[PDB]
Amino acid sequence: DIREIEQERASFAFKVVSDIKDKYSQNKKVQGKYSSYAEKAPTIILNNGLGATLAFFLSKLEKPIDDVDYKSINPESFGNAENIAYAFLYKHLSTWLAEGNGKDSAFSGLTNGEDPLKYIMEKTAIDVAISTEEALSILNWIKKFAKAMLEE
Amino acid sequence: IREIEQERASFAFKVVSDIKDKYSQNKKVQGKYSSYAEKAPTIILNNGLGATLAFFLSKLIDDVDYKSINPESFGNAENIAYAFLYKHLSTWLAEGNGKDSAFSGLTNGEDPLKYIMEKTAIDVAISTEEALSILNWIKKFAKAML
Amino acid sequence: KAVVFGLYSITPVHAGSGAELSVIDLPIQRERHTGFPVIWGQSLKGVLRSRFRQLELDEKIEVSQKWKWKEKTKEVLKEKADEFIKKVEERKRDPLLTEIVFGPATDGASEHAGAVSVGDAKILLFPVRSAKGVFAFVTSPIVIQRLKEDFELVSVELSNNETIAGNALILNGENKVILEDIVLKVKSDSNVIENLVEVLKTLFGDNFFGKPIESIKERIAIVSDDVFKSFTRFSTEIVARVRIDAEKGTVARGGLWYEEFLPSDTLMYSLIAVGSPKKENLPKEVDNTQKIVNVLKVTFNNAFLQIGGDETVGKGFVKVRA
Amino acid sequence: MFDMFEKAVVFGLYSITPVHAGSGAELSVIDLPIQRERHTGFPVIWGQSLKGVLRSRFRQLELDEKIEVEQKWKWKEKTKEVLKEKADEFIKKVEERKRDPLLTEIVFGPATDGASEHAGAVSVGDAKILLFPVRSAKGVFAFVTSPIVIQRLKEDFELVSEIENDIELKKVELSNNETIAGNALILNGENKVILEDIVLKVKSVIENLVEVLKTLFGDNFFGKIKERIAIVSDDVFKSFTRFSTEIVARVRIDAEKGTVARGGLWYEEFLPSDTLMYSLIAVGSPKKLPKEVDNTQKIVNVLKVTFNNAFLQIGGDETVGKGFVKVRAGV
Amino acid sequence: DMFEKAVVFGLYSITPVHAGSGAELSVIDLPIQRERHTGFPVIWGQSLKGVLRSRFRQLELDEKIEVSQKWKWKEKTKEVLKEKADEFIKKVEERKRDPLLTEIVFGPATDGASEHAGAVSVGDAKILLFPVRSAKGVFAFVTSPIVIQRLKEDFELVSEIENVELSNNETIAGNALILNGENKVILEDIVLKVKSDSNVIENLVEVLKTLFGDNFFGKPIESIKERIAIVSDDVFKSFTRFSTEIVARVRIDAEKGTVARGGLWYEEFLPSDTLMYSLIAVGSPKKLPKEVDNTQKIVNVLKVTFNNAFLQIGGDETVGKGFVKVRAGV
Amino acid sequence: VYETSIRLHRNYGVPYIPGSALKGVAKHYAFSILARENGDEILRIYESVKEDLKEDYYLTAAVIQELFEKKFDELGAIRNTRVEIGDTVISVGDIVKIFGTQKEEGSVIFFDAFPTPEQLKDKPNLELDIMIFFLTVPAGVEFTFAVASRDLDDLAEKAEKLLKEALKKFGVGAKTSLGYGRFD
DNA sequence: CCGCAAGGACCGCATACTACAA
RNA sequence: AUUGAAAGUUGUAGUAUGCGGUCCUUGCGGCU
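What counts and what doesn't
Residues numbered from 1 in each chain as written, not as in the entry; some residues may be left out. Chains lettered and ligands numbered in written order. Part of a larger assembly, values for the part shown. Heavy atoms only, no water. Residues with missing side-chain atoms left out of burial classes, pairs and counts. Helix = DSSP H or I, 4+ residues; strand = E, 2+ residues; numbered from the N terminus. Rg over C-alpha atoms; globule rule 2.2 N^0.38 Å. Contact = heavy atoms within 4.5 Å. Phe/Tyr/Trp six-rings, centres within 6.5 Å; stacked < 30°, edge-to-face > 60°. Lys NZ or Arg CZ within 6 Å of the ring centre and 35° of its normal. Salt bridge = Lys/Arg side-chain N within 4 Å of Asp/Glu carboxyl O. Pairing = 2+ DSSP bridges. Axes fitted to C-alpha atoms, helices over the stretch in contact; angles between N-to-C directions. Parallel < 35°, antiparallel > 145°, perpendicular 65-115°, else oblique. Left-handed = near helix turned anticlockwise from the far one by under 90°. Nonpolar A, V, L, I, M, F, W, Y, C, P; charged D, E, K, R; others polar.

Colleague: How should the overall build of chain A be read in this particular structure?
Modeller: Looking only at helices and strands, chain A features six helices and zero strands. Ordering the α and β elements of chain A from the N terminus gives α-α-α-α-α-α. Here the C-alpha radius of gyration of chain A, 14 Å, is about what a compact globule of 152 residues would show, namely 15 Å. Summarising the internal contacts of chain A: among those between residues at least 6 apart in sequence, 66% fall at separations of at least 24.

Colleague: Teacher, can you tell me more about the overall build of chain C here?
Modeller: If you tally the helices and strands in chain C, you get nine helices and 15 strands. Across its three principal axes, chain C shows a C-alpha extent of roughly 75 × 60 × 30 Å.

Colleague: Would you mind showing me how to read the packing of aromatic side chains here?
Modeller: Note on aromatic pairs: each is described by the distance of the centres and the angle between the planes. Centre to centre, the rings of B:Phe55 and B:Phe56 are 5.9 Å apart; their planes meet at 50°, and the pair counts as tilted. Summarising the aromatic geometry, the rings of D:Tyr14 and D:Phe221 are spaced 5.9 Å apart at their centres and angled 90° between planes, so their arrangement reads as edge-to-face. Pairwise contacts between aromatic rings join E:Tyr12, E:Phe139, E:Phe141, E:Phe212, E:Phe216, E:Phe217 and F:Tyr12 into one cluster. Across from the ring centre of C:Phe84, 5.6 Å away, lies the NZ or CZ of C:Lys279, which sits over that ring. For the cation-ring pair, C:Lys315 lies above C:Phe261, with the distance from its terminal atom to the ring centre recorded as 5.6 Å.

Colleague: Looking at this model, I keep getting lost on the arrangement of the chains. Mind explaining?
Modeller: The chain pair with the greatest number of contacts, out of 13 pairs of chains in contact, is formed by chains C and D. The closest approach of any C-alpha atom in chain B to one in chain F is 13 Å; the two make no contact.

Colleague: Sorry, what's going on with the pattern of salt bridges here?
Modeller: When charged atoms on two side chains of opposite charge get close, those side chains can pair. The shortest N-O distance in the salt bridge between B:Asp18 and B:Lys22 comes to 3.3 Å. Of this pair, B:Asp18 and B:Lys22 both sit in helix α1 (residues 3-22), four residues apart, roughly one helical turn. A salt bridge links C:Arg241 to C:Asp310; the nearest nitrogen and oxygen atoms lie 3.1 Å apart. Taken as a pair, C:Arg241 in strand β11 (residues 237-245) and C:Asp310 in the loop between β14 (304-306) and β15 (317-321) lie far apart in primary sequence, 69 residues in all. One salt-bridge network, held together by shared partners, links A:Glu6, A:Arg9, A:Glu134 and D:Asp197.

Colleague: How should I be thinking about the pairing of strand β10 (residues 220-223) of chain C in this particular structure?
Modeller: Every regular strand shows the same layout, with side chains that alternate between the two sheet faces. All names here are of chain C. Direction of pairing for strand β5 (residues 135-139) relative to β10: parallel, over a ladder of three bridges. Bridge pairing in β10 places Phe-137 opposite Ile-220. As defined by bridge partners, strand β6 (residues 162-165) adjoins β10 across three bridges and the pair is classed as antiparallel. Bridge assignment links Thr-163 to a residue of β10, and that residue is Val-223.

Colleague: Got a minute to help me understand unusual backbone geometry in this structure?
Modeller: For residues that are not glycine, phi is negative in most cases, and the peptide bond is trans in most cases. Here F:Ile85 and F:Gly86 are connected by a cis peptide whose omega angle stands at 0°. Counting through the fold element by element, F:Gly86 comes out in the loop between β1 (82-84) and β2 (89-91). Not every positive phi belongs to a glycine, and D:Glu65 is a case in point at roughly 55°. Relative to the assigned elements, D:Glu65 resides in the loop between α1 (47-63) and α2 (75-83). One non-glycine residue with positive phi stands out, namely E:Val138, at about 70°.

Colleague: Is there a simple way to explain the interface of chain C and chain D in this structure?
Modeller: By a widely used convention, the size of an interface equals the accessible area lost when the partners come together. Contacts between the two partners involve 39 residues from chain C, matched on the other side by 34 residues from chain D. With five residues, the single largest contributor to the side of chain C that touches chain D is β11(C).

Colleague: Mind showing me how you'd approach the packing of helix α4 (residues 81-99) of chain A against helix α6 (residues 125-149) of chain A here?
Modeller: The packing of two helices is summarised by the inter-axis angle and the distance between the axes. All names here are of chain A. Close contact between α4 and α6 brings their axes to 10 Å; oriented N to C, the two are set at 125°. Judged by the angle between their axes, α4 and α6 are oblique. Between α4 and α6 the crossing geometry is right-handed. Contact with α4, carried on its side by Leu-89, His-92, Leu-93, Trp-96 and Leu-97, involves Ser-131, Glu-134, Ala-135, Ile-138, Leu-139 and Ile-142 of α6 and no other residues of that element.

Colleague: Would you mind showing me how to read the packing of α1(D) against helix α8 (residues 296-307) of chain D here?
Modeller: Residues and elements named next belong to chain D. In contact at an axis separation of 12 Å, α1 and α8 are set at 90° when each is read in the N-to-C sense. As the angle between them shows, α1 and α8 are arranged roughly perpendicular. Residues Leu-54, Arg-57, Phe-58 and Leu-61 of α1 lie in contact with α8, whose contacting residues are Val-302, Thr-306 and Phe-307. Of the residues that constitute the contact of α1 with α8, the class distribution is five nonpolar, one polar and one charged.

Scope: geometric values only; no functional claims are made or implied.
Here you go:
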């Protein structure tokens, strides 16, 4: 009995949104920023592209957009609420494209563990299109749970 | 497949009656519940059951628990009607008419949204069909009572 | 002796019953006491007789030689053979072996009786949509008890929420089966399904109408009597048909009605009770019961028949095992 | 052992527009669903729907003398050749749409007025799904089928084999997360396929299936596929046919207010384009006769020439471009 | 089966077109209609017929329909309905029925639905040329093998009524798109290697000449040929998904002149310069004046009425969306 | 990702003004004139609607909008109320038909507005401005506008005069409170 | 650089809704 | 040596005809 990706999307989205609410229950600013950035993210992707969106997040963290592995990014090491949220969103989005909801889940990502931004700047347009659609799909679910759970 | 229809009809009559009882003088609440009941299957058809439940969630959190919802504690008719429909739909999928009846739910007390996240695609499909069926019965009694 | 005819539907079947009480315009034949779908002995006999008759007239009947009915008619009726053969061509009578096996055509009814008694085709397995394994072959204790009784003489406890089912129907770890839109909890059982399959194998052989009977075992679901009855009454195909007035390109006046169909993948069985051939001066190769039984088996085993109405819109086709 | 028929023809049906073979309105979110086999959930076109379509086309062709038998078929002349004396009164019935032209009634049966005279000569089987189009992350879409469909195809070949008395005319196992698929569907360096919302692992059959499709429909496939064929498990295939059909909201707009009118909003289901279905058309001896069509073989020939490579419209909503299919009729 | 004539309606978008499919719980609130298994943008036959019918109705009620002389429906209804003509006119005026010729061509309104079927079949509008931004050549008219294959099949249907292989990094394109001595084309975010071919584009232009002539919706057909590109199916799918128009709209609260709460949403549009086509099949009317009493007559009325006409399709009409140029190729 | 943006045509790159904005600014300008000239009476007649919104000009404008958007079945009381802009007489009932309601489509089509081709040839259609840099359309750029009647009422003339005034007094686009978006 | 982050109307209406012989 | 023998509710029949996912809505405010 298999599962659909939608189930994994919803599961992953709930998990990462609950993780923020847990680590920053007293910080409404961090929660409010993450929700704003999750809401903003799909529109940036449609207008500017997924690669430009991932790079846009990294630039907010003042990281070199060419020399950063997503796993190395630890959101709990930033001061302002903005960079904490950007780091979370970048981390969650990259983790989804890279690992999905786990190696033994119904969806283990698209980039086979490779950093999504590095993947984009290395692969073909069709690969990027498939990842772009998937990025939009996971963000839709992140937005859903952020809207209901995260407070301002 | 016939007894399950009777069970659905029994639940539907009960929840709509509760709506009409608590908000007898409030036609706005009754009318809102009716509209949302009519729109609900459409939202499910175009977005899936998971997204629809999530959409209801946004009309209300710490945890996803339909039991903890309190529809009467809300300020406006829109949120009151949404909270009621959400709880009704969730209660049916999780509890049915109770464990003293033929149909006692599909999810065994678990919130349907979390249930969808955890179980198989088959489990989600039957929950989707069942959700559409109970809303279809709620729509019947809504049009006749509200 | 007797022959058990297994009937497996490969297209939907409409054995019409005018007397059946229903909200449907054209309902299918059903048993009065059980409400189960059925094919009347008389409907089946008519089908069997028509096929047999065509084969005899076309010299395709084998008795292990080619049966020549006009030659046999002359060595049987002697001086009255020519007028009989004339009646056959005039469709007033049927060819020799046909009348021996199924009885004279109505014109000659009083001469002698038909050797065979064609029993109702009783339902055995009824297909129901399953969330796992596409669909289940559904049956009930009352059905199994009827089958066992019919076979024993010719030679289970379940609640409304329970089912004894094969592995291919069961949701992994949940111990549940989902038939259409309802959920049944799996009752642990060791040999009931296995016993049923063995009975089926003893009557119809190793191959189940073109597939191993072992494959069927994994998709059999035994449900309670009330649940089985419910499915056989409310899961049959109910189809709207219309007639179009091509002058207007819209549905003609009085051109809408509803018709019921027994689904494909239904298993039924009919006991054909064979008595001694009753015609006088029989040819030797068909002068007793065993010889009639043998011809019946060879003629209809692995045959394809059309039962009921709606032949030209592709309904009523069944595979036969005898 | 299928002696009631003598020959059979497989009618391949490829949709080039969405198709709505209807079953009627329901009290449901989908107000107008398509025809389905209830115990499998598979989409079908009932034989009576297809027969009505075939009959109407054949009838119009005979009335316009476009029917080819062996030269042109003049039904009025052949009517006079068969009915002789009372032929004139029969032709008058046809012009009044009380009866149908000679060959039409021979093949499909008499119009409702003469129903009791004789039965039709051909049996129009239900159309069943063979290939169902499903969106794919790579390769745009896949022609999806399953073992149970392949099995039913083989069994129908056994029917044809029994009817034509040709014994010469007469194994796929897959897990639910597995697929046997063409190269165009497979993601770059992953050995996986994503159909709709399901990830399927590629398994190391298609070439043989294509060879079968090449037999029935000729060397060309309806004038056009192995690279986008995907074989999935029976239950996965079933879910696709039930939940990947087109569901469309339609409205009626008040011509004066420019707004949706009351009783003017409903949801309607469509079988997608690029769907391959097939029906078994069995032919028996005519039961009504001119020498040109006095036996089974001659009737088969007429059917093959008339409908092969032809376009038909099946189901409702013809006026909004639905139900258009291309037909291939092979023996 | 009464279809004797088929005409192709070319639809060239002048403004962005929104053929809606209902709201969705996603970033794109109001998406455009798409064929599900391909994801290709479409305009369903019923959406197009409603617009054609509405236009034809307004023109018939204003005596602007020509059959080469004017059409009087009230006078032609008196000749058809006779005694019940005055009753039918009152129905049309009460908007319970539609004028005579409209009901003949498109079928009766609700009250007369069972009387007869519509004479014409309005096919789904299919994508033929999709405008894609291009590094060289400003923008290209892009199509794919699937589209061309469908175009071919639709011709096999039309003729019956009247009685290329590319990899993902390859393109067949006109010279105006190709970079200076690089043999590459850049369409949106995709870099494509030019594949040498000498038939595909040429035959495609020939098809357009057969249908629409030298006048390609306000421009010479020769101008278009230099900017036509064929790409792989995967690439075309990506273009029609990520290069549609996604427009942010708002509703302003007059109180402070700011965006109202829940007053921000996104709508999808087919861009301007999108070429779609629909098969309009015409059969013998089933209801009738001798002016329009056969297939050929209906075709002539359909052509002249809609050829070179400007039509609004889909939603957002009063904010200037959905306006296309129509060419009726017979 | 630029943090600022501007509506540029997808295929041709020219800046332009969506019909939605043109229709919007014309309707909000209609709201304004009705508020400054007939505010006291409108707030008095529709005291029930006023309570829903809530008491100055900005409360009146919101009340007029709600009347036109939500409670348009109740506009019978002030349907005959007229406004001048500038020498033409436009009634509330005319405004209802021009922009339409949820129960009836607007009788006037508001098309997109585009700069003439001659200017694309002769002068820069874009120039950088500072708040953070952002793209703007320079002063002196001529645009072509159009409105069309789609009903027998023929209200495109009133809509034209209403839109012309809106583009002069209100302006269109962002940062109107700083003088941006004005037309001559 | 910051903020937002849909809502209601319509909700299948009407017609055909057995005919006839054997 | 049974009110018994003999008899296919079958044949003909397109769930179809009519129906725009449309109407109302300034990517803006100046804040974090």
